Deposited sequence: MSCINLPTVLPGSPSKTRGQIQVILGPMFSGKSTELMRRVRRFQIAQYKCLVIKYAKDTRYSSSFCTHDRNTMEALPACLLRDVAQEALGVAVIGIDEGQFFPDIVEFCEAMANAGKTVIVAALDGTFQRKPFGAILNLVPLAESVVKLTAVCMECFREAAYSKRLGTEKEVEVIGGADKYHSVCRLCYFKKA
């Protein structure tokens, strides 16, 4: 009985921590697990394509994926692994700095049995935050960085 669980949210909301919490619950009950992280985030098997780790993922019962927005094959990999009987758990940004869908990540939602959106704390007014605000001028989607480059931000502070 395979499965896809999706953990959405803005930056700084602890998506990776929730991912690991959920993975460790299985691990402690004797499940073989594998966590996959996006190689190019220079801030678990590193990968740039989920194809490149599919063989390793096949000999495991539970698959965790961090920063799933950055894998071009995220959708098809997850659906294929769940149909093969695996429990697939994905941590991912739902939105870019422009509050648009981050790549193909939202295509997982109609395929998933569980979907949640976490909240961060707004770094500018300290209320609840749902969005990621880019601090710089760069216009491309993929720009790797932490709190030096992005603020987790509420609606009002986003447009401030």
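Engineer: Pop the missing stretches of the deposited sequence into a list, counting residues from 1 and keeping sequence order.
Structural biologist: No coordinates exist for the deposited residues in 1-17, 61-74, 192-193, so these stretches are absent from the model.
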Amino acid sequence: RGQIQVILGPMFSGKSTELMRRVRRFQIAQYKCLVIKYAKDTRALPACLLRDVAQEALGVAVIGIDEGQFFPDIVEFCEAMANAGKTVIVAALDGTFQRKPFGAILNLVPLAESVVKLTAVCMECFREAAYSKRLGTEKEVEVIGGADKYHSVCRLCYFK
From here on, numbers count along this sequence of modelled residues.
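Engineer: Do the C-alpha atoms of 18-26 or of 138-146 have the higher average B factor in the entry?
Structural biologist: The deposited B-factors put 138-146 ahead on the C-alpha mean.
Engineer: If you average the CA temperature factors over each stretch, which comes out higher, 114-122 or 45-53?
Structural biologist: Result of the comparison: 45-53.
Engineer: Highest Cα B-factor in the deposition, which of 58, 105, 130, 62?
Structural biologist: Top of the list by C-alpha B-factor: 58.
Engineer: Report the third (lowest, middle or highest) to which the CA temperature factor of residue 109 belongs, ranking only the modelled residues of the same chain.
Structural biologist: Lowest third of the chain for residue 109's C-alpha B-factor.
Engineer: Could you tell me which third, lowest, middle or highest, the C-alpha B-factor of residue 93 occupies within its chain?
Structural biologist: Lowest third.
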